[PDB]
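Reviewing the structure listed below.
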Amino acid sequence: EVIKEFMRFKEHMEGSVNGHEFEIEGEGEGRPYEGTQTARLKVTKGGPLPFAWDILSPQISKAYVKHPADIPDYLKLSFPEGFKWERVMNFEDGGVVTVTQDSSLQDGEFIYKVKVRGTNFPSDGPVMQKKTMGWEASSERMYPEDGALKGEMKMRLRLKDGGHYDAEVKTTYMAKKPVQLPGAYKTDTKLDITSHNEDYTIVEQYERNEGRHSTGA
């Protein structure tokens, strides 16, 4: 078994949001079977970011999703080779974020390599004015389609406000070899910024994910 009850990961991200290029690196740890993790991130190029850290947080780790025994854990079964995923987030004010990601395993540790592109965010919007306050918990509908695992979800950013700034999200997760794909089900996810001191140039996150059968949805 290559996936231990404790697993670290490291992450390299590059991207650009409305033409502002950046790099971020991170190192993290978690309990893959328990559904838990934490990481430390920093902006290694292009810092301080012109834009909310929040649009980045969901793109900085689904090997740590807790599954019941009878839902196959496709993304853990995918190691040691790993999996890749491609996402599109469509925000209500016209901004879009697209992401491509490789995840593999080297030296006992998960290794994430992430390319993010944000575009068409309004100069005066809550993302570019850095006015957001973190994501409410969400549930991603997971379902096998065209030989891959797909998820969709509505994700909701809190605003320095009381209301919410909303994204429609679609992700295709595809293992590098054809391991059992699950039937459809839900993943409940809560992502927290736990420490942001620095300039949101050093940031720590905590995330809890749990797989469950649906009712339902």
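Residue-wise HN-Hα couplings along segment 119-133, as the Karplus relation 6.51 cos²θ - 1.76 cosθ + 1.60 with θ = phi - 60° gives them from phi, are 8, 6, 6, x, 4, 9, x, x, 6, 6, 8, 6, 10, 10, 9 Hz; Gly and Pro carry x. Sequence-ordered 3J(HN,Hα) estimates for segment 10-21 from the Karplus curve with 6.51, -1.76 and 1.60 and θ = phi - 60° stand at 10, 9, 10, 10, 10, x, 6, 9, 6, x, 8, 7 Hz, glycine and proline given as x.
Other residues within the sphere of radius under 10 Å centred on the Cβ of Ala217, judged by their own Cβ, net out at +2 (K and R +1, D and E -1).
Shape verdict for the chain, please, from the Cα gyration tensor: rounded (a/c under 1.5), prolate (a/b greater than b/c) or oblate.
Values: a/c = 1.72, a/b = 1.38, b/c = 1.25.
Prolate is the answer for the chain, as a/c is 1.5 or above and a/b outweighs b/c.
Model label points for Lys10 and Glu145, set 7 angstrom from Cα along the Cα-to-Cβ axis, are 3.7 nm apart. Close amide H pairs (under 5 Å, H built 1.01 Å from N) link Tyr33 with no residue at least 5 positions away or on another chain. Using R₀ = 30 Å, calculate the FRET efficiency as 1/(1 + (r/R₀)^6) where r is the Cβ-Cβ separation of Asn120 and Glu25; round to 0.05. Step by step, r from the Cβ atoms, then E = 0.65.
Of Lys45/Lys66; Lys131/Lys186; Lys10/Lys115; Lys66/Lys150, which ones are farther than 26 Å apart at the Cα? Each step should come with its number before you reach the end.
Values: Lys45/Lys66 34 Å; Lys131/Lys186 30 Å; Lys10/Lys115 15 Å; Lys66/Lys150 17 Å.
Beyond 26 Å between Cα atoms: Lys45/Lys66; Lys131/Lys186.
How high is the FRET efficiency between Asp107 and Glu34 when r is their beta carbon distance and R₀ equals 25 Å, given to the nearest 0.05? It comes to 0.65. Across segment 42-51, coupling constants 3J(HN,Hα) worked out from phi with the 6.51/-1.76/1.60 Karplus curve, θ = phi - 60°, read 9, 8, 9, 9, x, x, x, 5, x, 9 Hz, and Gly and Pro carry x.
When the Cα centres of segment 36-92 and segment 139-217 are compared, how far apart do they sit, in Å? Between the Cα centres of segment 36-92 and segment 139-217 lies a distance of 8 Å.
Note on segment 156-217: along the principal axes its Cα atoms extend 42, 28, 18 Å, ordered by decreasing extent.
No Cβ is skipped: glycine too gets one built from the backbone with ideal geometry, and neighbour counts run over all protein chains shown. Every read-out reported here was derived from the displayed coordinates using simple, explicitly stated rules and does not represent laboratory data.
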